[PDB]
């Protein structure tokens, strides 16, 4: 197989925020989701709660979805309905797969990754949060408790919200369900990527991401002497990236990934020669952070809309 590169899914390839889309399809409650996702950002990056990883939002959402009666077929259907790709995603992936193998590492459910990856002909390795809804038992009382508390959580903010969620997720019966999920958060992405570098003898890991959930994978790549690439990243991603791509087309990713896969350390010297419409590529150690951030966030929202400002994945 062609040499491997590593990539997040939502942002680089698909525009969908699947955790959000599930929440909206099942509960139609954006404030509930924003609150859970803010909590995730808070615990993972601000507090750095021991054992907590950025992108565990979907893990936290799982007991609510189970309580609402979500089954694996529903996950697949919502995956189908909500799938919206970065412009040129399939065209760019087809170009890359002529020579290289993607390893996709996502916080979203592996089932959803499988269904959506096939839509743009991904032929690589897929890693995500693992759940089997059709096995999760939720007693009638607990179902009532979880469904009732949604409006409560949505109504809270700040310290009171975080306090309430700490309490909720510490309940033995809720914790039970949360622990049945094998989640992918920031730490797991780093571990998965390192495992491939070891097993496949990759001296120069090329990793692509866009949010907090990618930051440990970014640092791990940097430590190993590879490169961390953000595609329309947010502040969290940019604070840990070597290279930032600001672009409305996945063809910019195809080109930059190609350059690094071919030339490794010597790709840096040719990035300024890449000329793709509406595409800017910044080497962060030679750039003004604030300038790059403002531009990146603008493109981020252009492509992903309001979902492009959410944390949690």
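Residue numbers count along the first chain shown, from 1.
- As listed in the deposited structure, the average C-alpha B-factor of 133-141 and of 227-235 is greater for 133-141.
- Look at the C-alpha B-factors of 187-195 and of 151-159. On average they run higher in 151-159.
- Out of 219, 210, 242, 173, the entry records its largest CA B-factor for 173.
- Across 88, 214, 166, 74, the greatest Cα temperature factor reported in the deposited entry is at 74.
- For residue 262, the recorded CA B-factor ranks within the highest third of the chain. Only modelled residues enter the ranking.
- In the deposited entry, the Cα temperature factor of residue 10 places it in the lowest third of its chain's modelled residues.
- Residue 78: CA B factor lies in the highest third for its chain, per the PDB record.
- When the CA B factors of the chain's modelled residues are split into thirds, the value for residue 180 lands in the highest one.
- Sort the modelled residues of the chain by CA B factor and residue 123 lands in the highest third.
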